[PDB]
Amino acid sequence: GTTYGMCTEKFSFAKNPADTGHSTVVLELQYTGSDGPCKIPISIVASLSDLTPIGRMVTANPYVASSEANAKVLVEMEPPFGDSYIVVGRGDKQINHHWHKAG
Amino acid sequence: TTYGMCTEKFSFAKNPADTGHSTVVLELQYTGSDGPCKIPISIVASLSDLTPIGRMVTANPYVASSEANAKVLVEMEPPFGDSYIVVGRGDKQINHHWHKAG
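The rules behind each value
- Residues numbered from 1 in each chain as written, not as in the entry; some residues may be left out.
- Chains lettered and ligands numbered in written order.
- Heavy atoms only, no water.
- Helix = DSSP H or I, 4+ residues; strand = E, 2+ residues; numbered from the N terminus.
- Rg over C-alpha atoms; globule rule 2.2 N^0.38 Å.
- Buried < 20%, exposed > 50% of the residue type's maximum accessible area, 1.4 Å probe, protein only.
- Contact = heavy atoms within 4.5 Å.
- Areas by Shrake-Rupley, 256 points an atom, 1.4 Å probe, with all protein chains shown as cover.
- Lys, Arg positive; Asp, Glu negative; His and termini not counted.
- Charge placed at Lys NZ, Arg CZ, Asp CG, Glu CD.
- Disulfide = S-S within 2.5 Å.

Caption draft 1: Structural context of the overall build of chain A. Counting secondary structure elements, chain A contains 0 helices and 10 strands. Mapped from its N terminus to its C terminus, chain A presents α and β elements in the order β-β-β-β-β-β-β-β-β-β. Taken over C-alpha atoms, the radius of gyration comes to 13 Å for chain A, in line with the 13 Å a tight globule of 103 residues would show. By its C-alpha atoms, chain A is 45 × 30 × 25 Å across when sized along the principal axes. A burial count over chain A gives 45% of its 103 residues as buried. Considering only contacts within chain A whose residues lie at least 6 apart along the sequence, 60% involve residues at least 24 apart. With an accessible surface of roughly 5,100 Å², chain A has 50% of that area assigned to carbon and sulfur atoms. Averaging the positions of the 8 positive and the 10 negative side-chain charges in chain A gives two centres separated by 2 Å.

What follows is the structure in structure tokens.
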């Protein structure tokens, strides 16, 4: 109404995450839910046991805008150098993609 | 490896809406089929000075789909007083005046 919740359903990978050459990574997803508009639960974390967001969001605060199932979504983020995990969704809806960033 | 800026026309779908926590949500639809592409959107003080001001809460948004008429949602923090939400350039530019008070 005035505020939208986080999206409650699972996301799916439409492509592998891809380096942008600018120290950032682009990820193309689809949203399986139809409860949109809703806010995408996406972050970069150090490990699956410490979900503190440590990756700068280039596409900050991204939304699903559609109410139709399986709409396409694009997000860009800045992983730390070294090892991290890209995480989308929460709990048993969570998808993860381990990432290593070098020079 | 890199997506360019969207070249076609957008349209405002509804009025921008106050969220109640000092931001504004705008729903757009994109007329082009060159997606994925980067959305040319900013908040400006006037149409004669396009310096970005305020804050884009949904920063650097993309159109993700390759079909025409795809929906996008963008959240912004306009400054107090008059501003314009500007999407596109030149012939395709569309803008929405906004006044923010207290």
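Okay, back to it.
Caption draft 2: Representation of the state of the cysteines. Residue and element names in this part refer to chain A. Taken as a whole and judged by the stated rule, the model has 2 disulfides over all chains. Across the disulfide, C7 is cross-linked to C38 (sulfur-sulfur distance 2.1 Å). Taking the torsion about the S-S bond as the criterion, the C7 to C38 disulfide, at about 95°, is right-handed. Of this pair, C7 sits in the segment before β1 (11-13) while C38 is found in strand β4 (residues 38-39), placing the two residues 31 residues apart along the sequence.

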